[PDB]
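Shown here is one chain on its own, the form deposited in one PDB entry, set out as structure tokens.
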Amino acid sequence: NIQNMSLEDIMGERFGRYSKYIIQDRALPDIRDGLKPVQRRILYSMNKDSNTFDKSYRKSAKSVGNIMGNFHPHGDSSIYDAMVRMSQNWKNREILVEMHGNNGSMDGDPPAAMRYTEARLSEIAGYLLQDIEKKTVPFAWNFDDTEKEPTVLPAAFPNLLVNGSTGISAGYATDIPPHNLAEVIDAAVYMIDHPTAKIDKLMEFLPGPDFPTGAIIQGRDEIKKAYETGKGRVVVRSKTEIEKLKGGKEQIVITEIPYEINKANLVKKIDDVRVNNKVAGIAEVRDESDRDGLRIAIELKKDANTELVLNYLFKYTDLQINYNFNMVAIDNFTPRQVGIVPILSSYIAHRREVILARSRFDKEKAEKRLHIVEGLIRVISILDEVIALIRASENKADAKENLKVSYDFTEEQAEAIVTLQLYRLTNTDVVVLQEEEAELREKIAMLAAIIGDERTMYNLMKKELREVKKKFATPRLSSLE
């Protein structure tokens, strides 16, 4: 009982392990469904556990215990917090979890414990999971080796671009900003038709992001470079209005702040500019925001240096921030830095494989029912003989053999026949059967088209994408200058 290993050979391997798992399976998004494993396990579990948006909300602690015991071998705090985030309209552009209770706020406060809250998945999240039950996607075993897990979701829209991601692993980081579902789908779609799409044209549809907190974004020149290379610096400015106050007084009102900034603290920093008297127009600073509205009123004194003051704040507080594009996702099991183009194409190809796989699944299911139906049809023409023969036999398997040797049915045909209950004998109508057969055969033709006819396939892809667009679209919140 003793081993010798060098310090050199230990560190390399250990760090190797950690870096790997942290790079792939913890911190980085899949470029396809734009999910990190915790998120995906959350969606997948809540969904499997019929915790859909259309049914009653359910006790967060239950959701997590289930995720933790079945899929995600880590801390409940990690699972829960990540759950909570997905419930946050300000952080995500299309929230994927609905949570009842205190799930935090912009003023930065602490979400209530999983023991107080209740959650279900959202509506749009079902879309990511769409078709998962039709063998559309690669499954793995859970750590228990007791249950299987999707490595990726069917992703009925481009969540990666829409919701974004951040973003700290080993050797890489990732920051990706939210984007307008509608806009992104329009880009996606174009690229489907014209694959060799140049960035400039794609920019026409998808031009700059869309932060859930809205606000003003300037850096067209910069957004281009981001969408191109992957890295970019763009400028984000809260949205400003002027209000006039009875008494030769002027108020500066703010109704949108830059993505990912702490309204509670931002306010304190502004009042701090005033007390430490670092500018002239310092008067009163008031945060008057209630549910259903964000309003920050900074009122001035008499020498209304308004333009000077706002402009000062723009530099010296975070009322104006700078945002960074570091678009790093996992493609072919490895970290890649990427721009609108790869993040789009990878998506498309994914939907392709999904759609094909789905169709292959649907066709088989059909051809199997067709096969049984064809037999059911023959059986009717000899019903009397067949029944007598089942009676003659000695066991279930024996009858199945006799049907097969005698009348040349198949296995699957014999089995369906023999399990027929008695009341089914009540209706022996060649006609109704033949109608179903007809439908099955049109279904199969159609499927077989999407499978071996790339153009029609890409067509279906676009149809679905558009459908998702109409259902879920909403107007921009961020403005571009």
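The term rigid core refers to the maximal set of C-alpha atoms that superpose within 1.5 Å between the two forms. The numbering used is simple: start at 1 and walk along the sequence shown.
215-223 or 358-366, whichever carries the higher mean Cα B-factor: The stretch with the larger mean CA B-factor is 215-223.
Per the entry, higher mean C-alpha B factor between 97-105 and 306-314: For C-alpha atoms only, the mean B-factor is higher in 306-314.
Identity of residue with top Cα B-factor, from 87, 320, 142, 77: By C-alpha B-factor in the record, 320 ranks first.
From 353, 123, 331, 290, residue of greatest CA B-factor: So the option with the highest C-alpha B-factor is 290.
Third of the chain, ranked by Cα B-factor, where residue 171 sits: Middle third - that is where residue 171 ends up once the chain's C-alpha B-factors are sorted.
Among modelled residues of the same chain, the CA temperature factor third for residue 27: Middle third, going by the recorded CA B-factors of the chain.
For residue 418, the third of its chain into which the C-alpha B factor falls: Answer is lowest: the recorded C-alpha B-factor places it there.
Where the record places residue 448 (Cα B-factor, split into thirds across the chain): Highest third of the chain for residue 448's C-alpha B-factor.
Modelled-residue ranking by C-alpha temperature factor, third containing residue 469: Middle third, going by the recorded CA B-factors of the chain.
The form deposited in another entry is left out here; the points below concern that form.
Rigid-core fit between the shown form and the other one, the member of 360, 396, 352, 231 whose C-alpha shifts 2 angstroms or more: With the rigid core fitted, the residue that moves is 396.
Flag for residue 52, CA shift 2 Å or larger between the shown form and the other one after aligning core: No; that C-alpha moves by less than 2 Å between the shown form and the other one.
Core-aligned C-alpha movement of residue 455 between the shown form and the other one reaching 2 Å: Comparing the forms between the shown form and the other one, which are aligned on their rigid core, residue 455 does not shift its C-alpha by 2 Å or more.
Large Cα shift (2 Å or above) at residue 77 between the shown form and the other one, core-fitted: No, its C-alpha moves less than 2 Å.
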